[PDB]
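Next come structure tokens for two forms of one protein chain, structure 1 first, structure 2 second.
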Structure 1
């Protein structure tokens, strides 16, 4: 009878799509920057104009680390013998030799500079990104109406990055882990994008303040495989506090990945830049604690390809079907991966059950 767990070996291959490697301001200071990603090391530097360039970190001459080098003009100087390489990956200048060989070309990585952020496009097939596959421009970033990012990062070891994407369908953990109250849950999976819609409230059995029915309306969408944006809103004190929360990650290796996230808020009327920036901080700091709680779950949990779902669980398999799209060749993608699938959880019993617990635990004091 006993149901056993199925742990298939984690994928050696890495996902095809845009992966966010952090803010432009962090890469716009002239220096190069090493990054261990996709089972190797990349170097990211910024030419005189400002354009950020990305190549393989290992120099083709003697294997030197180009990220330990120095930027000179619009080329990267290797710390070993100061060979110069440009954005496109062609050796421009050898300082002690007359001229360079034409076959001196290294792999340049296709980049996109948007939303105050840097994206790289990994694709083991090696082809450039299509037209319809990209990253949305956020309503109005850059202008004074929205604050700058309260951006933060964690480095996770000992597990695969599949199970951060699994959170898209896990309504129940928001209660028992993050200490919120889901009242609504719907998911939509279109070709290469995966969505979560959620209306959630706080729970009364917590110490300081929020309204008795302080409610938040979330709307999160992976523009897959690794990059999510979340539009958030709560109508309190008359007007609505809009917030945009970014969740994005990238793999280092199959066993390890980096996790990035940040938040900006629209400037409410009658509020300064600092008060606005403080709201963004508090929100990100609150998410910080959230993902810290996930990490302890993720760190101690075992991988499992055969879940046993109840009737209140979201569509795990259809999420992991859609997510399989990115680890396979584009030519081998099937309809069942990119199809339109939608599903809403009947939370009526779930919330009724959670009301018993929240009230029961209030009576215990004082």
Structure 2
């Protein structure tokens, strides 16, 4: 009769897939950069041609942190004894010795530079990514007609990253936590992707930058995880008689199985006749509206319990199917089963919820008399 919460320990294994480490522009300063991810530490640095390299951060000589070193030429120089390591992981020079042991080779991670971002491939099995597991090129990025990224990040301590992934099915929380108003909500999972289609409006009683200065903006969203960690969200807003195109990133990487970094950011297509500056300000506003919602999630996650047996209502999204899909990335590729990857679609009938949320928004308006 009393329902109890069940929760297994978070896996120690990290998701197999592409993970965005951040913006190319932040990494292309010619300095080394430290990334604590997947239970270890990595070093990111640009070579003299500007290509980004990602190595295990721990120097194979005496364990020094390469990310606290310095770039010299096309090699990263260790701060402890200045050995030089290139983008292939090869030690290219021990500056105080004649020869280099041939076995001096560390791990260079597989990278992708795309969409103004740096992605790395994680796989505990150690295989390269298949050609068909990739990150889509966002068509508009880098054209004159779109802004650069307004980009933000948040460090979440005390939660496993499944907590963020669960949101792809959580229609109700976009009302309570993101202060939007969902009207249509549909999920489709298939292969290594998970998609949410939503149509929402702003709420009258709460003001958010995501509405682009129209409290009743309709927003059409197609949001897809391409693998375990990286979502692209294509949005179109009808705000004050205009149609605005926004592309929002929602992504993360695990620091450990109890800590992750959440990065999110927006580009906006320049409306006819608006300057670069005005468009950049629309991107920034949209990103700040997203921030508000994510900071609320952070408070939810900070205080909540993990739960493997959530009790779902009739108006809930397909959490269990999402989780079964997500599990593919935590088993060897050989152990993947059809029920993880088979096409699964579910649409929530929102008519109940909309009735209720309208009453709520209305009597929160009456709340001025």
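Positions refer to the first chain, counted from 1. Throughout, rigid core stands for the largest set of C-alpha atoms superposing within 1.5 Å between the two forms.
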Task: Displaced residue between structure 1 and structure 2, judged on C-alpha after the rigid core is fitted, out of 274, 285, 296, 235 (threshold 2 Å or more) - done: 235
Task: Rigid-core frame, C-alpha of residue 214, shift of 2 angstroms or more between structure 1 and structure 2 - done: yes
Task: Core-superposed C-alpha of residue 6 shifting 2 Å or more between structure 1 and structure 2 - done: no
Task: Cα shift between structure 1 and structure 2 at residue 360, which is computed once both forms share a superposed rigid core (Å) - done: 2.6
Open item on the list: Looking at residue 350, what is the CA displacement between structure 1 and structure 2 after core superposition, in angstrom?
Closed with: 1.4
